[PDB]
Amino acid sequence: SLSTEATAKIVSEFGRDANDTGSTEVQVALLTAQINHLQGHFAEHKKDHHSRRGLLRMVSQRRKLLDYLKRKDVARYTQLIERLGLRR
Amino acid sequence: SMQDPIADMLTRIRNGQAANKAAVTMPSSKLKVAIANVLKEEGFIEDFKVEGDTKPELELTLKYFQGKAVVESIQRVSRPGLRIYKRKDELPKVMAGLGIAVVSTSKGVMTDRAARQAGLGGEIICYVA
Amino acid sequence: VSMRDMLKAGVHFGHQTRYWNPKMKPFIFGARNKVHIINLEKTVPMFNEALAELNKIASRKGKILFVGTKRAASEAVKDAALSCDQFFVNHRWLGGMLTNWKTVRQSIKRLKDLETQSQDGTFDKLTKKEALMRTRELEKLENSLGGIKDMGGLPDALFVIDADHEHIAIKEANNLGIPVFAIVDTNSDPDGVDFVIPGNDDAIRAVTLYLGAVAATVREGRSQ
RNA sequence: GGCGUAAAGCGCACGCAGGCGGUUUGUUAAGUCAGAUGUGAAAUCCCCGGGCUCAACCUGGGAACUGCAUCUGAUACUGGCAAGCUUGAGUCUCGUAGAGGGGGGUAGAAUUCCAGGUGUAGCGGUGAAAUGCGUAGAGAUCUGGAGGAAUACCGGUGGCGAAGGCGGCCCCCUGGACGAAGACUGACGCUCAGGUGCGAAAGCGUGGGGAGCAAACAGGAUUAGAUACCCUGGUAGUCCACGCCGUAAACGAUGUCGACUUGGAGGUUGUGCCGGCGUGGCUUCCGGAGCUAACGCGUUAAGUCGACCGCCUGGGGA
């Protein structure tokens with residue numbers, strides 16, 4: 001999991017206050033950070049199916065939140081997926 | 001997930017009457033209030049009130065005649081998976097008129113007799129007997 | 001009778017929490033040390049209007065059957081029926097007293113013949129062993145049926161202690177439409193009782209209070 | 001209409017399309033509703049009359065065609081649009097327990113084997129035997145060494161996991177659950193054909209490893225026979241890495257999600273106020289109503305409901 005400092009950093013970066021932790025951008029960004037971090041774990045631990053199910057849950061949840069943001073506000077969506085380096 | 005709050009309200013009424021509960025409570029909605037006004041005005045329930053501003057809670061006071069429940073049978077008819085609309089000429093008769101069907105018309109939620117008198121059709125919400 | 005004498009003799013004290021009947025919740029006041037308390041404030045009026053119904057019953061010469069069969073309450077119910085001109089049962093309620101009246105009536109006649117023979121010298125000309133068998137049959141027929149021997153037909157009312165201990169008489173009455181007035185504890189099922197009465201149905205003091213209430217009020221009804 | 005046991009819940013899931021959608025207002029008027037207009041050929045069905053000597057038959061008159069289109073209107077509900085809201089769903093903080101997973105390491109007990117000290121005639125097996133083993137010194141017992149596999153006690157109708165499954169100890173990487181305080185987002189939800197993934201054991205391929213166990217096989221017994229059950233050996237396999245297979249009575253023979261409906265006695269982990277009373281999550285056993293063909297299930301439903309999916313339609317052939 002992400003440490004407290006990493007969470008605080010991303011939350012300040014993508015939320016529009018120090019206390020905004022529920023907005024779509026923060027959720028998508030936290031999921032993206034954990035996914036990217038775990039890429040190295042699953043390059044070494046290919047048979048770790050049980051943890052990969054949680055990784056896939058993060059991917060599915062980020063997909064859902066990104067599509068929600070897209071149908072709610074396109075501008076914030078493109079800004080997020082350019083900032084986060086996501087294809088779509 | 002909850003996808004038919006009207007069904008939940010009919011179920012709460014049915015189950016409360018089967019458990020001899022004096023009154024039932026539930027999250028409120030305007031449409032539930034219209035249904036309950038039809039229920040109370042036709043003598044199926046005793047009273048209802050709404051409490052709360054941001055989260056209204058709707059309480060229905062149930063009634064029993066000789067100890068036994070007044071609501072003999074209540075059923076959802078039109079449901080989210082199968083919506084049911086009838087013209088004014090095809091409004092159903094529940095227990096040959098002893099019961100009622102709650103009909104939502106362009107003039108509001110009313111009974112089958114009232115809908116027939118107003119000369120309107122609409123969605124058939126529930127049978128109550 | 002009233003809240004004071006009930007709370008003093010031990011009416012209010014109920015059975016343990018793990019034995020209550022969820023149909024007894026409304027008459028429950030509260031709990032203490034995992035034993036229940038019966039709300040006397042409801043006990044008094046329902047009981048007194050049951051006493052009023054019974055007082056009215058005896059005025060129409062309606063025969064009452066006293067039903068209590070606990071070992072320590074046999075003499076209490078028998079005295080209450082003895083001092084009341086009534087019929088009673090204080091040993092095991094035979095299956096068939098009420099719904100099978102046609103056959104129990106024959107054993108009542110048999111007890112009548114043995115009771116004539118008992119005070120008659122009939123058990124002298126017999127060979128001292130058939131007569132002994134007659135005496136033992138008399139003993140058991142008194143133990144069981146010696147409270148309804150003169151009844152002569154079905155009764156009109158029932159008064160019960162521990163409705164579940166005597167649920168067979170309750171069910172027999174409900175089969176025959178005899179209204180029942182039963183002392184219903186927290187651990188009792190009242191769905192078969194028309195006039196129910198909460199109260200400790202085991203404590204001898206409370207039990208003899210209910211018994212004296214019904215006996216005296218039936219005395220009052222027959223006074224009229 | 002069904003799917004615990006009669007046929008029937010996919011082994012388990014993620015999830016596109018599809019289906020369905022918490023609550024407030026406005027707006028639309030598509031679905032829905034109302035009215036009208038055009039059309040829906042005649043004949044036929046239906047009714048009330050007539051003449052065939054009556055009926056068949058014919059035929060006068062009268063109703064239906066339950067649809068489609070357009071126009072005019074209503075706006076409760078469903079849909080679209082807009083703004084919201086927080087109760088659903090999710091994020092954060094702190095903490096809690098855990099055989100959840102992947103990797104590495106290590107410890108003790110035991111079996112087997114190798115070398116050795118003591119020592120002699122048995123051991124081993126079984127219903128009884130024999131095969132086997134032992135004077136070329138076994139079995140027993142003591143020491144040293146090698147190796148593989150599994151982790152006694154704890155241990156628990158205990159725990160964790162989507163299911164399959166997961167049990168010594170330590171470390172590294174890692175997933176989820178639950179609890180209590182608030183905040184934050186503001187319907188972001190549920191289900192899911194096709195798709196994709198995971199999936200016991202056995203089995204397959206390549207390379208290793210191999211103590212014990214053990215399909216096959218060999219012998220000895222048993223038996224009428226004994227391709228068995230029992231005994232003595234024993235090879236694949238069981239173990240490891242990677243790939244494949246994709247099936248089990250993969251079972252609760254019970255699909256997932258949400259809501260509601262009397263009670264009693266157990267377990268486990270949180271947390272509240274002073275061993276005592278509160279409030280949470282999962283879990284055992286009984287049982288009420290209800291349901292059920294019955295057996296039984298029974299707030300962890302097989303009860304009362306809603307959303308979606310999967311499946312069944314006599315036995316055999318199959």
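Proteins come first, then strands; the chains are lettered A, B, ... in the order of their sequence lines, and each starts at number 1.
A/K47 has a side-chain polar atom (N or O) that falls below the 4.0 Å cut-off from OP1 or OP2 of D/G243. OP1 and OP2 of D/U78 both lie 4.0 Å or more from every side-chain N or O belonging to B/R83. Contact check, B/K55 against D/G22: no side-chain N or O comes under 4.0 Å of OP1 or OP2. The phosphate of D/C160 (OP1 or OP2) has no side-chain N or O of A/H50 nearer than 4.0 angstrom. OP1 or OP2 of D/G176 lies within a sub-4.0 Å distance of a side-chain N or O belonging to A/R57.
A donor-acceptor contact under 3.5 Å is not formed by the side chain of B/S106 with the base of D/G73. Judged by atom type and distance alone, A/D48 reaches the base of D/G101 through a side-chain donor-acceptor pair under 3.5 Å.
Base stacking of D/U91 on D/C92: present (ring centres under 5.5 Å, plane angle under 30°). Under the 5.5 Å centre and 30° plane thresholds, D/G237 stacks on its strand neighbour D/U238. Judged by ring-centre distance under 5.5 Å and interplanar angle under 30°, strand neighbours D/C188 and D/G189 are not stacked.
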Side chain to side chain contact (heavy atoms under 4.5 Å, CB included) for B/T111 and B/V103? Distances and angles first, verdict last. CA-CA 6 Å; B/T111 66; B/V103 183; over 6 Å; no
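In terms of modelled atom types and a separation under 3.5 Å, the side chain of B/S28 and the main chain of B/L58 share no donor-acceptor contact.
One P atom belongs to D/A152, the other to D/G147, and the distance between them is 24 Å to the nearest Å.
D/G116 takes the anti form, because its glycosidic angle lies more than 90° either side of 0.
With ring centers used as reference points, C/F195 lies under 6.0 Å from C/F181.
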